[PDB]
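The chain below stands alone and is given as structure tokens, in the form deposited in one PDB entry.
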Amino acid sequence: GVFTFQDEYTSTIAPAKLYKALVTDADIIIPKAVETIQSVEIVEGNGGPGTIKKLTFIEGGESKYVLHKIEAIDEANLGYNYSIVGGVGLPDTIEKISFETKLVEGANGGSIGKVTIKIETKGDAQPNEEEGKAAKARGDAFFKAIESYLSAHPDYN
């Protein structure tokens, strides 16, 4: 089956600046900002489509990682699309999970981070609800941490 979900994250940070932090400077800013992410590293590629990034994080006390494959990267339109192409642990009901993200102008000069999540399962298997909730909660924490960090360090590098 194919399932879609929509998240929106509000930020006080202006969209092009937030995109720069999330995308262009991800490898530097994200580990600094996000207290559960230890590193964001390029495994292969030049930064364009097909690039694989390894994001190492702590969960339940254990060091784990996920691999992201860049599907599209469009700074002009503040777009970034990627898929998850590896991780730690046994297979589950997800055959594939991918993301289409866009940043747009929000309130008082801030942003809204839009995310469409596409989950593909085998046959009539359903997405795991607890996981979706946890994933969204991580998304909230991720944007909060980035907002707090960029508020405290509006300049950098």
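In this text, rigid core is short for the largest set of C-alphas that superpose within 1.5 Å between two forms. Only residues modelled in both forms are compared. All residue numbers are counted from 1 along the displayed sequence.
Trainee: When the other structures of this protein are compared, and only where the residues around it are present, is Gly106 absent from a third or more of them?
Mentor: Result for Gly106: never missing in the compared entries.
Trainee: Do a third or more of the other compared PDB entries fail to give coordinates for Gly47?
Mentor: Negative; every one of those entries includes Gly47.
Trainee: Going by the mean C-alpha B-factor recorded in the entry, which is higher: 64-72 or 26-34?
Mentor: Comparing averages over the C-alpha atoms only gives 26-34.
Trainee: Going by the mean C-alpha B-factor recorded in the entry, which is higher: 106-114 or 40-48?
Mentor: Of 40-48 and 106-114, the stretch with the higher C-alpha B-factor average is 106-114.
Trainee: Return the residue from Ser98, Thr56, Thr101, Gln126 that has the highest Cα B-factor in the entry.
Mentor: Answer, based on the entry's C-alpha B-factors: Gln126.
Trainee: Can you work out whether the C-alpha temperature factor of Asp7 puts it in the lowest, middle or highest third of the chain?
Mentor: Lowest third of the chain for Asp7's C-alpha B-factor.
Trainee: What third of its chain's C-alpha B-factors does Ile13 belong to: lowest, middle or highest?
Mentor: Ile13: CA B-factor falls in the highest third of its chain.
Trainee: Quick check for you: using the entry's CA B-factors within this chain, is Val88 in the lowest, middle or highest third?
Mentor: Ranked within chain, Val88 CA B lands in the middle tercile.
Trainee: Looking at the temperature factor on the CA atom of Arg138, which third of the chain's modelled residues does it land in?
Mentor: As the PDB entry reports it, the C-alpha B-factor of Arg138 lands in the lowest third of its chain.
What follows is about the form deposited in another entry, which we do not show.
Trainee: Might you check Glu44, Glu105, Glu120, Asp92 and identify the only one whose CA position changes by 2 Å or more between this form and the one not shown on rigid-core superposition?
Mentor: It is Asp92; the other listed residues stay below 2 Å.
Trainee: Please list the stretches that shift between this form and the one not shown, defined as three or more consecutive residues with CA displacements of 2 Å or more after core superposition.
Mentor: Runs with every C-alpha shifted by at least 2 Å: 88-93, 122-124.
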